[PDB]
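Read-outs: derived from the displayed coordinates by stated rules, not from any lab. No Cβ is skipped: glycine too gets one built from the backbone with ideal geometry, and neighbour counts run over all protein chains shown.
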Amino acid sequence: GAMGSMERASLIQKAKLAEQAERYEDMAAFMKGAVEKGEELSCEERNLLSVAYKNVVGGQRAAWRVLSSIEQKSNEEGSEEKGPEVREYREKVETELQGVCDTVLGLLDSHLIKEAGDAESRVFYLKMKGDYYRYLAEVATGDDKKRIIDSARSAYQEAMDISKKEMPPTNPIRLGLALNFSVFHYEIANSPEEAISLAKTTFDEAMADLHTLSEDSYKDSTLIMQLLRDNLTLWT
Amino acid sequence: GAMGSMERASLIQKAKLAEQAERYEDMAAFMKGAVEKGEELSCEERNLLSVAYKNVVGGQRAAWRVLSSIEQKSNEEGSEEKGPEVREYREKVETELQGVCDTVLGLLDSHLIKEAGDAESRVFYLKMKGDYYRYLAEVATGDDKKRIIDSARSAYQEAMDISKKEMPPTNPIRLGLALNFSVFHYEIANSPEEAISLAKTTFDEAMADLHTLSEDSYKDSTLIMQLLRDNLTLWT
Amino acid sequence: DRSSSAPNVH
Amino acid sequence: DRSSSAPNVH
Ligand SMILES: *CC(=O)NCC1CCN(S(=O)(=O)c2ccc(Br)cc2)CC1
Ligand SMILES: *CC(=O)NCC1CCN(S(=O)(=O)c2ccc(Br)cc2)CC1
Ligand SMILES: [Cl-]
Ligand SMILES: [Cl-]
Ligand SMILES: [Mg+2]
Ligand SMILES: [Mg+2]
Ligand SMILES: [Mg+2]
Ligand SMILES: [Mg+2]
Ligand SMILES: [Mg+2]
Ligand SMILES: [Mg+2]
Ligand SMILES: [Mg+2]
């Protein structure tokens, strides 16, 4: 449609405008168009792509959680448990969420993962693949759930393997990956022991090398380390 | 989708669910479907309709204002190379905003205004017509703007005439109407004198009868009176 | 620094 | 209370 006929520079500019306007659906569409131009993304551009889709799916996840809670309260016997509406509407929101996840996973597979040159970007995209399979896993039930979980684990593990060989322990991408993989262990994979062990090891090894981290990454890395600490407190 | 065949009660229930999930576009669509079932709305249902569409257009208005500011700042600087992207994206958001306003105005004309039994509900809908013409006026330019402004004024004036004959000065609908008409005068019609006069009269006459207000509507009416006061302070 | 109109309630 | 994942930044 319109995206394909816009120049790449115009799509990036419009993504930044949409961000300022807090129009995240539009921002994501612009960034998808930019990806489809077939050039690698810069760090700034990866951040635009991430912020856009994370905000979209974030809204859907929040809505799904509200509806699922109401649905479960309804289904508790003794409650008047009156009607198909909440199930139907939860399913509608769920389907939309799955659609967005499928779009992101499609872009990762079709354009972003294979075509990354460097370790930072490879790890970033594999982390993103893990994340969006994890969001699918949050709403999955049955056999498809086992496959989705396996896909998330595989993506995260490949990212972890690269990051440990190629990147310092306090690198913000390496940190964000480890944080999210620990969340996967705790919330999805029923593995609190691994979640805690990974978070604790990540935190300690990052702190041991923090004195080597570039100043441009300090804010972001310290934020992730705080979240590792907060999760550890919550989990123990 | 196929809302024509849906139970009215189901559409209302889904609107309430959407509200809880902060899914306002969905909420509005459900309430549009409920309106199209062809029965009058209750108070609660008028509130659902209002909250839904006000949230949708509210987001659009905020986005439009951000983009319009960027557009004007860009144009002022007057660089040989900047401006077309923000103009186009502002126009995109504007078109979407106009579409929502047109939808609301269509429902008011096709279903709600004619078919209201009582004065309270008739005034509520005429106020709403004034408001959505006012939101169109915010983004209108040239000759089209003069017609839109006239449409807003006509709707508000008819509402005011009825409200003064039929409703107490402390009625929340009458108050909300007067507040919004005063805003129209100040922000749209470039008539600060009329804005101030209306706001002052409304505030004073409400205060004079405050001792008669039922506790049920006390909160809402006093909130509007505070906003009248706040505007008066801003305007003088 | 715009004028206030009626808010959402309830 | 839910675990925290990586936030949006910059
Ligand atoms: C250089 C580069 O690729 N930058 C873009 C990335 C955006 C977000 N990721 S992350 O999801 O790993 C992350 C890390 C730290 C924080 Br505070 C938030 C998100 C990192 C790089
Ligand atoms: C009984 C009834 O019709 N209630 C629904 C209406 C919804 C909102 N309006 S209003 O837009 O006039 C208004 C008045 C006061 C406040 Br604090 C907010 C909105 C009133 C009744
Ligand atoms: Cl539904
Ligand atoms: Cl555009
Ligand atoms: Mg091109
Ligand atoms: Mg019962
Ligand atoms: Mg399903
Ligand atoms: Mg029936
Ligand atoms: Mg210049
Ligand atoms: Mg236009
Ligand atoms: Mg009366």
Residue pairs within 6 Å by beta carbon, gap of at least six or interchain, first lying in the range A:133-153 and of a type outside the set (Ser, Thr, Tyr), second surrounded by 15 or more Cβ atoms within 10 Å (Cβ to Cβ) and part of a loop (DSSP other than H, G, I, E, B), listed first then second, are A:148/A:140
Checklist entry - Regarding residue A:98, is this residue away from ligand 6 (no atom under 16 Å from the Cβ) and away from chain B (no Cβ under 11 Å)? => result yes
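Any idea which of A:25, A:40, A:96 is under 27 Å from residue A:118 (Cβ atoms) and either touching a residue at least 24 places away in the same chain (Cβ under 8 Å) or buried (at least 21 other Cβ atoms within 10 Å of the Cβ) (or both)? Break it down stepwise before answering.
Numbers: A:25 fails: under 27 Å from residue A:118 (Cβ atoms); A:96 fails: under 27 Å from residue A:118 (Cβ atoms).
Just a single option satisfies the conditions, and that option is A:40.
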Those residues of the range A:185-228 which are at the interface with chain D (Cβ under 10 Å from one of its Cβ atoms) and over 18 Å from the mean Cα position of the chain (by Cα) amount to A:219, A:226
When residue B:150 is run through (1) touching a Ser or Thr at 6+ places or on another chain (Cβ under 6 Å); (2) part of a helix (DSSP H, G or I), the failure sits at (1)
Sole miss for residue A:116 among (1) aliphatic (A, V, I, L, M); (2) more than 16 Å from ligand 6 (Cβ to nearest atom); (3) assigned to a helix (DSSP H, G or I) is condition (3)
Of the residues in the range B:25-77, those that are out of contact with any helix residue (DSSP H, G or I) (no Cβ under 7 Å at 6 or more places or on another chain), under 12 Å from residue B:15 (Cα atoms) and more than 16 Å from ligand 2 (Cβ to nearest atom) come to B:29
Picked from the range A:8-48 (must be in a helix (DSSP H, G or I) and among the basic types (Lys, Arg)), the residue farthest from residue A:58 (Cα to Cα) is A:8
Among the residues that make up the range A:68-91, is at least one of them more than 8 Å from every other protein chain (Cβ to nearest Cβ), free of Cβ contacts under 8 Å to residues at least 40 places away in the same chain and within 17 Å of the chain's Cα centre (by Cα)? no
Checked the range B:103-130 for anything in contact (Cβ under 8 Å) with a residue 24 or more places away in the chain and acidic (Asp, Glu); matches are B:115, B:120
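Could you say whether any residue in the range A:124-138 is of a type in the set (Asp, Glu) and outside any helix (DSSP H, G or I)? Full working, then the answer.
First, the residues of the range A:124-138 that are of a type in the set (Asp, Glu): A:131, A:138.
Checking which are outside any helix (DSSP H, G or I) leaves us with none.
For the range A:124-138, residues of a type in the set (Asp, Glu) and outside any helix (DSSP H, G or I): absent.
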Going through the range B:211-231 in order, the residues found to be part of a helix (DSSP H, G or I) and either among the aliphatic types (A, V, I, L, M) or in contact (Cβ under 8 Å) with a residue 24 or more places away in the chain (or both) are B:212, B:217, B:220, B:221, B:223, B:224, B:225, B:227, B:228, B:229, B:231
For residue B:162, the lone unmet condition from (1) among the hydrophobic types (A, V, I, L, M, F, W, C); (2) more than 30 Å from residue B:221 (Cβ to Cβ); (3) within 16 Å of ligand 11 (Cβ to nearest atom) is (2)
Filtering the range B:16-53 for residues that are facing chain A (nearest Cβ under 10 Å) and of a type in the set (A, V, I, L, M, F, W, C) leaves a count of 4
All-but-one check, residue B:222 against (1) surrounded by fewer than 21 Cβ atoms within 10 Å (Cβ to Cβ); (2) closer than 25 Å to residue B:135 by Cβ, failing number (2)
